[PDB]
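Colleague: Sharing a structure, written as structure tokens. Questions coming.
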Amino acid sequence: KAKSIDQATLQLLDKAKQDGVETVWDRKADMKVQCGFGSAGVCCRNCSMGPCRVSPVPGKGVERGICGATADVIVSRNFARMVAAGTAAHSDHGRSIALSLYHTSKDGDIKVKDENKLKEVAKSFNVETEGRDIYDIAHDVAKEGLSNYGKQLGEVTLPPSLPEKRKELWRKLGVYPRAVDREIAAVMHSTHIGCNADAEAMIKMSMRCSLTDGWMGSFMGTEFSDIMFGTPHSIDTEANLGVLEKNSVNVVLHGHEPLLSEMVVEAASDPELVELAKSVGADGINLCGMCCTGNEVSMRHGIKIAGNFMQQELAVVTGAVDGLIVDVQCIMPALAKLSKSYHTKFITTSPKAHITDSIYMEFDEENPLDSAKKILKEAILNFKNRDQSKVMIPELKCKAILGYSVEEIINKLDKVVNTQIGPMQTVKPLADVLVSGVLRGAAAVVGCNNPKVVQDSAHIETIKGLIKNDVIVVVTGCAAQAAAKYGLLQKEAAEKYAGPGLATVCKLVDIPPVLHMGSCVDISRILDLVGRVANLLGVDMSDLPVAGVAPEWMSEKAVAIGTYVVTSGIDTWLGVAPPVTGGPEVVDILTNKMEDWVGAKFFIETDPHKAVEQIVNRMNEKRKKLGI
Amino acid sequence: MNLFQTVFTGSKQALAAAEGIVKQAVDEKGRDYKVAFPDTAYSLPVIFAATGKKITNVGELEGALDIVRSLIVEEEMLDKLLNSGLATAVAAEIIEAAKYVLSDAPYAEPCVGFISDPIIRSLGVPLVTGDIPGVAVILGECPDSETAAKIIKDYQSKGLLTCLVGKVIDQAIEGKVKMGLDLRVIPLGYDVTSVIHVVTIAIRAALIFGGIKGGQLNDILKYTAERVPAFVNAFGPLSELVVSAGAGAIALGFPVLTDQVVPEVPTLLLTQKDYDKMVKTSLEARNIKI
Ligand code: SF4
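Top line first, the protein sequences correspond to chains E and Y. Per the working numbering, residue 1 is the first one in the first sequence, and the count goes up by one each step. Per the working numbering, residue 629 is the first one in the second sequence, and the count goes up by one each step.
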């Protein structure tokens with residue numbers, strides 16, 4: 001099987017083979033046939049009476065663990081713990097953002113750059129704004145956001161875009177969210193030996209936990225990031241490994257937390273550091289981003305995107321990365337080993353993510369700019385250790401357009417609003433094209449890479465099929481970066497891949513057929529958008545012809561995302577089977593009974609063409625239900 | 629019934645009416661009997677633009693229903709909707725041709741029916757010059773004669789060439805609107821199919837001024853969209869046939885504005901209840917400068 005559809009990826013894999021270094025593909029091959037029990041989710045290790053493995057085939061072999069737990073119980077608890085872990089990752093990201101908001105000042109390193117956005121958020125949090133200092137407002141907003149994480153009395157605060165009907169449905173179902181850390185703790189408590197042994201209740205607890213990610217953690221992280229670093233607008237950038245410069249210092253930012261990458265971008269324009277880069281013999285400083293931190297700095301500043309998850313190692317294989325600065329999440333620990341074969345400084349900066357044999361330079365949030373300058377100076381000084389004979393940068397990079405926040409999308413939609421009719425600054429043009437049938441629907445393509453799928457193949461095939469079927473596509477994360485590398489994030493792509501209705505819409509609104517809405521936490525934006533459409537049409541989000549796809553997901557964060565997208569009322573297709581096939585009841589809940597609960601359900605489909613067909617059929621049947 | 633289904637239903641009704649009237653023409657006059665429009669050089673302009681074929685006898689008119697049949701594909705995609713609008717336009721043209729071959733004088737005053745080529749050439753000079761900054765296709769009935777007269781005279785005072793289809797003709801007559809080719813208020817006919825008589829004005833504008841040869845349908849549609857500043861104001865309740873004819877106008881690149889609640893399409897299908905702002909809304913939608 002081919003390892004990737006990306007030619008630059010293939011060239012660097014040949015180079016890695018020539019250099020005698022191992023990749024994620026090599027380790028996947030070394031793992032060989034993976035354990036069937038773990039793959040089906042019928043293995044349990046929740047107590048030291050175990051490990052227990054029960055048969056993935058009902059009626060045969062061992063039926064219960066030592067405590068008496070069935071295959072359905074073991075599967076449901078394993079799934080719930082994946083959701084809890086994903087929720088924890090996203091919530092910790094949002095908590096760091098809220099703490100940064102709490103420390104903003106007029107003369108400090110972290111300021112308020114979008115005051116209108118802050119005032120609207122303050123309105124959503126019942127924070128007074130009129131005749132008040134902007135930083136007093138910011139601190140009050142940060143306090144309310146922080147209380148969302150750990151309040152023990154009262155109800156949490158949810159964005160106004162969330163329909164009232166969806167909230168009432170959640171309350172009736174018993175999944176209405178509480179404080180984020182409280183829900184994570186509840187899931188961890190109920191999976192403990194001898195607690196919850198009922199699959200339906202376990203799945204409902206996991207949905208409840210995932211809601212605190214989708215609508216509170218990721219949402220607050222995104223909106224506070226907009227407040228502090230600016231709301232994204234349409235902006236040009238370049239993507240894929242070709243963005244590395246042979247004659248410049250190459251600094252690659254990998255990870256998820258945006259404050260460090262924002263401070264590194266600011267430090268790169270420091271005159272002393274630019275002079276130092278010149279003095280070490282480089283033309284300048286070339287900042288490139290990877291994964292979600294790359295998505296953030298690219299959405300807000302046009303920083304070039306070096307690559308997505310399964311390309312991180314290959315970035316080092318070029319031999320041109322002088323510094324690789326990482327914060328947390330989706331940072332392959334093998335990088336530490338791999339950087340030994342090159343001059344690269346692999347720099348960890350977060351106390352949450354220590355990696356053995358990496359260079360640890362703790363990013364100081366109290367003095368973010370000075371700390372970022374010190375880290376960047378280490379990366380620049382490493383340019384003297386470059387071995388130019390080992391350097392091979394593929395001449396493969398692609399132009400991309402991104403920055404499509406909800407605000408930017410609304411601004412673009414204002415173009416097709418007749419001034420004599422109005423209203424302006426709404427999602428009404430999008431609602432109109434969806435209701436009329438010019439657009440069949442909207443689909444979110446999100447998720448990681450996975451060695452189980454030819455890298456980027458499923459993302460590209462799913463996106464092309466959807467836009468060919470007049471389904472407008474919004475992309476986040478590594479899927480968005482796969483689209484960027486391929487060339488879908490271009491206005492020209494409208495006439496090259498889109499169907500007639502979507503091509504007309506793209507021409508009228510002057511947008512690409514695929515809209516890059518940011519990082520994984522920025523999936524909250526997608527929720528926001530859908531909610532607005534629903535609120536404009538007076539229906540629940542489960543009545544709309546919308547869907548989400550995770551063609552190549554790998555992370556627990558992806559599991560939590562799919563769970564809260566389904567719980568919000570949006571059908572979700574998974575291109576990689578989650579470890580639930582061992583529990584028939586869990587499969588039936590996720591793919592059949594969920595529709596009775598929340599009006600949406602999971603679809604497991606490993607063939608992208610079949611997934612596109614199923615998405616189109618499901619959207620059409622929801623349209624016929626809605627009468628459009 | 630959504631927009632696509634409404635357009636498909638309208639196109640099927642137009643096809644049924646065309647089949648009935650063609651059967652009547654075949655029964656009364658014979659398949660060798662001549663089929664023509666008064667003083668034109670492009671036979672039936674819509675069929676000539678779509679296929680290049682000139683319809684000369686009744687048998688060929690009966691064989692032209694296959695064009696309407698092949699232009700109706702009931703799949704909910706935008707291209708099929710535009711093709712279905714074009715099917716309605718072809719069916720309306722066939723109905724008008726059958727009217728002309730059945731009756732010696734199908735239209736009486738003030739209705740003018742078909743517009744001859746010399747009138748098109750006369751209007752071409754002020755069209756490109758800018759003395760005619762647009763073509764207002766008014767179809768249906770306004771709630772009052774006063775509002776219909778007000779809108780029509782507002783368009784007239786702005787130099788636009790306004791064409792009238794339906795009961796709006798009677799409302800304008802009650803409103804003391806002075807009509808004629810020099811007064812730029814042209815009543816086409818009381819039936820919806822009479823709107824084709826302004827559609828052929830645009831089509832022949834591509835055939836005469838644009839120089840596009842017959843059968844180059846995409847070139848004709850591009851020319852009408854980028855050169856002919858026409859728009860539709862549909863007043864009063866809209867049947868499926870009216871919506872299908874509006875889909876044809878959209879296929880020609882002409883935006884359709886109405887006072888009725890319809891599934892809106894930005895820049896193409898717009899609802900404007902306020903009759904005091906309909907003229908400005910249409911001028912903005914068609915990008916017309918006075
Ligand atoms: S919780 Fe039950 S099934 Fe799991 S390891 Fe312990 S005894 Fe075995």
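Think of the CB as a built atom: it goes at the ideal place given N, C-alpha and C, for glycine as much as any other residue.
Any residue with its Cβ nearer than 5 angstroms to a heavy atom of ligand 1 should be included. What is that list in chain order?
Modeller: Listed along the chain, these residues meet the criterion: E:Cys44, E:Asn46, E:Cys47, E:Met49, E:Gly50, E:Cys52, E:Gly65, E:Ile66, E:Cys67, E:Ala69 and E:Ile193.
Colleague: Indicate whether residue 639 (chain E) and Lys345 (chain E) have their beta-carbon atoms separated by less than 9 angstroms.
Modeller: With chain E covering 1 to 628 only, the question about residue 639 (chain E) has no answer from this structure.
Colleague: Whether or not the region 850-857 of chain Y and the region 693-702 of chain Y are in contact is what I'm after, with contact meaning three or more pairs of Cβ atoms, one per stretch, closer than 8 angstroms; do they touch?
Modeller: No, because fewer than three Cβ pairs between the region 693-702 of chain Y and the region 850-857 of chain Y fall closer than 8 angstroms, the two stretches do not touch.
Colleague: Between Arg623 (chain E) and chain Y, is any beta-carbon pair separated by less than 9 angstroms?
Modeller: It does: the Cβ of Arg623 (chain E) has a partner Cβ on chain Y nearer than 9 angstroms.
Colleague: Using Cβ-Cβ distances below 7 angstroms, what residues of the region 502-518 of chain E are close to chain Y?
Modeller: The region 502-518 of chain E vs chain Y, Cβ under 7 angstroms: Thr504 and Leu508.
Colleague: Rounded to a whole number of angstroms, what is the C-alpha to C-alpha distance between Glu721 (chain Y) and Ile824 (chain Y)?
Modeller: Cα to Cα, the separation comes out at about 6 angstroms.
Colleague: Nearest to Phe229 (chain E) by CA position, among E:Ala442, E:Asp114 and E:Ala444, is which residue?
Modeller: Nearest of E:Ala442, E:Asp114 and E:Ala444 to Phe229 (chain E), Cα basis: E:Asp114.
Colleague: Let me know if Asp759 (chain Y) comes out buried or exposed under the rule of 16 or more other beta-carbons within 10 Å of its beta-carbon.
Modeller: Label assigned to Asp759 (chain Y): exposed.
Colleague: Hey, could you find the ends of the alpha helix (DSSP H) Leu434 (chain E) is sitting in?
Modeller: Start and end: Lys428 to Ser436.
Colleague: Considering only residues of the same chain and omitting the five flanking positions on each side of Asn630 (chain Y), which have a CB-CB separation below 7 angstroms?
Modeller: Excluding sequence neighbours, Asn630 (chain Y) sits near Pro891.
Colleague: Can you find a C-beta in chain E that's less than 9 angstroms from the C-beta of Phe859 (chain Y)?
Modeller: No, no contact with chain E.
Colleague: From this set, E:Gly174, E:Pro51, E:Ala71 and E:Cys67, which residue's C-alpha is nearest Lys60 (chain E)'s C-alpha?
Modeller: Nearest C-alpha to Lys60 (chain E): E:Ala71.
Colleague: Taking all protein chains shown into account, do 16 or more other C-beta atoms lie within 10 angstroms of the C-beta of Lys622 (chain E), making it buried, or fewer, making it exposed?
Modeller: Buried: at least 16 other Cβ atoms inside 10 Å.
Colleague: Cα separation between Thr231 (chain E) and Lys117 (chain E)?
Modeller: Distance between the alpha carbons of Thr231 (chain E) and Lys117 (chain E): 8 angstroms.
Colleague: When you compare the CB positions of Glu144 (chain E) and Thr129 (chain E), do they come within less than 9 angstroms of one another, or not?
Modeller: No, the Cβ-Cβ distance between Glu144 (chain E) and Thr129 (chain E) is not below 9 angstroms.
Colleague: Here's a check: name, in chain order, each residue in its chain whose Cβ is nearer than 6 angstroms to the Cβ of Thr591 (chain E), leaving out the five neighbours to either side.
Modeller: Taken in chain order, the residues that qualify are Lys601 and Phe602.
Colleague: Could you please give me the residues that DSSP links to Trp170 (chain E) through a beta bridge?
Modeller: In DSSP, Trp170 (chain E) forms no bridge with anything.
Colleague: Going by the DSSP bridge assignment, what does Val763 (chain Y) pair with across the sheet?
Modeller: Per DSSP, Y:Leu789 and Y:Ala858.
Colleague: If distances are taken between C-alpha atoms only, which option among E:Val280, E:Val249, E:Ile467 and E:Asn367 comes closest to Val321 (chain E)?
Modeller: Residue E:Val249 is the option with its Cα nearest to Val321 (chain E).
Colleague: Can you look up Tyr564 (chain E) in the DSSP assignment and give me helix, strand or coil?
Modeller: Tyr564 (chain E): helix per DSSP, three-state reduction.
Colleague: Please confirm whether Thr757 (chain Y) and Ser639 (chain Y) have their CB atoms less than 9 angstroms apart.
Modeller: In this structure, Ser639 (chain Y) does not lie closer than 9 angstroms to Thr757 (chain Y) by Cβ.
Colleague: Of the choices Y:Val765, Y:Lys681 and Y:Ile801, whose alpha-carbon is the least far from that of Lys841 (chain Y)?
Modeller: Among Y:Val765, Y:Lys681 and Y:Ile801, the Cα nearest to that of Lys841 (chain Y) belongs to Y:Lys681.
Colleague: According to DSSP, is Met82 (chain E) helix, strand or coil?
Modeller: In this structure, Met82 (chain E) counts as helix in the three-state DSSP scheme.
Colleague: Within the same chain, show all residues whose beta-carbon is closer than 6 angstroms to that of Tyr903 (chain Y), passing over the 5 residues directly before and after it, in chain order.
Modeller: Within the same chain, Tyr903 (chain Y) has close Cβ partners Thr775.
Colleague: Would you give the residue range spanned by the alpha helix (DSSP H) that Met263 (chain E) belongs to?
Modeller: Segment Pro258 to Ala268, the alpha helix (DSSP H) holding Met263 (chain E).
Colleague: Please state the DSSP three-state secondary structure of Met361 (chain E).
Modeller: In this structure, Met361 (chain E) counts as coil in the three-state DSSP scheme.
Colleague: Buried or exposed: where does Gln388 (chain E) fall if 16 or more other Cβ atoms within 10 Å of its Cβ makes it buried?
Modeller: Counting Cβ neighbours within 10 Å, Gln388 (chain E) comes out exposed, since fewer than 16 surround it.
Colleague: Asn418 (chain E) versus chain Y: which residues are under 7 angstroms apart at the beta carbon?
Modeller: In chain order: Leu898, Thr909, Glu912 and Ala913.
Colleague: Could you list the residues in the region 437-452 of chain E with a C-beta less than 8 angstroms from some C-beta on chain Y, going in chain order?
Modeller: Answer in chain order: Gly437, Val438 and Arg440.
Colleague: So what does DSSP say about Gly499 (chain E), is it helix, strand or coil?
Modeller: Of the three classes helix, strand and coil, the one that applies to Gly499 (chain E) here is coil, per DSSP.
Colleague: List in chain order: all unbroken alpha helix (DSSP H) runs of 4+ residues lying wholly within the region 100-147 of chain E.
Modeller: Those alpha helix (DSSP H) runs which fall completely within the region 100-147 of chain E and span 4+ residues are 115-124.
Colleague: Identify the contact partners of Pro578 (chain E) in chain Y, using a Cβ-Cβ distance below 7 angstroms as the criterion.
Modeller: Near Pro578 (chain E) there are no residues of chain Y at all, since even the closest Cβ is about 33 angstroms away, more than 7 angstroms.
Colleague: Could you give the C-beta distance for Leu693 (chain Y) and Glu647 (chain Y), rounded to a whole number, given that I count them as a contact under 8 angstroms?
Modeller: Right, the Cβ-Cβ distance comes to about 6 angstroms (below 8 angstroms), so this counts as a contact.
Colleague: Between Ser341 (chain E) and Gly20 (chain E), is the Cβ-Cβ spacing less than 9 angstroms?
Modeller: Contact flag set, yes.
Colleague: Less than 9 angstroms between CB atoms is the rule here; does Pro761 (chain Y) satisfy it with respect to chain E?
Modeller: Chain E contact via Cβ: absent.
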